[PDB]
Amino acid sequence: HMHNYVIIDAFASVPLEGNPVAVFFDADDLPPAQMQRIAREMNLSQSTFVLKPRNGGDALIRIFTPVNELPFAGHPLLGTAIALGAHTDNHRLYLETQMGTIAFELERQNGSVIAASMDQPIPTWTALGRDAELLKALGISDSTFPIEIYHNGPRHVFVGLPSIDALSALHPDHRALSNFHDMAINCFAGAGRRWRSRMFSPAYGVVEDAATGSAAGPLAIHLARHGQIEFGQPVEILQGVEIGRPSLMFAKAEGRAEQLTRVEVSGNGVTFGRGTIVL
């Protein structure tokens, strides 16, 4: 009774950039309570567990924070797909989750998976309706674009800043942000294809997140809806620069606001470490 694991830095091509996730293989012998205890033991923002598939996919993936199981998270699933590429020749990988089966395209160089693209759940969205409270918490007077909250498992609010330097200058009051339950606050700035983001979430137990993969799809939708890109055009989103964990996420939303057909998010991943646990 031992399990091998890898630590993947997701949305990075260099170790110690991007956002880490520990991926545990051959986890079918672990009861869920033990998966939870292991995720707590590692204390990474998420640990994932690779299980035999039950509905025709390649594998079933369970995602745990140190305190609870999650239905969906982008960077942990990206890292899981990249890690599993070391163990399959498949060009595509179908990972079963609580959101259904998530399709991944694996990208390789000489047998090593260096990147992947995923099709995300199509989000829903509406106005947050707490704008002055949120802006006060962030320390700014206004957003550029409408402050809207998106749902694809987790919930993501988007607040637009007028320049990248204004984004980097943010020093939010995290106590005030803690009154925004069950959501993450994503502040963004940029133009055209290239955007910068910073994510803050007391609700999700993070002062500032390096790479919020489940926010990248919704941000592409947000930018297309508010006229900064078209549906069908990709954006490059660079997150985590200010905290020294630069993370590059690519995202594209196809269709139109009223009839979205696909939400794609991709990025590189690199192995930081590999190990074995004693149970």
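Note that residue numbering follows the sequence shown and begins at 1.
- Of the two segments examined, 264 to 272 and 251 to 259, it is 251 to 259 that shows the higher average Cα temperature factor in the deposited entry.
- The mean Cα B-factor in the deposited entry runs higher for 202 to 210 than for the other of 202 to 210 and 68 to 76.
- Across the residues 94, 188, 125, 180, the deposited record lists the maximum Cα B factor for 180.
- When the Cα B-factors of 165, 107, 142, 148 are read from the PDB record, 165 comes out highest.
- Among the modelled residues of the chain, residue 10 sits in the lowest third by CA temperature factor in this PDB entry.
- Annotation for residue 31: CA B-factor lies in the highest third of the chain's modelled residues.
- When the modelled residues of the chain are ordered by C-alpha B-factor, residue 159 sits in the lowest third.
- Among the modelled residues of its chain, residue 227 has a C-alpha B-factor that falls in the lowest third according to the deposited record.
- The entry lists a Cα temperature factor for residue 82 that places it in the lowest third of the chain's modelled residues.
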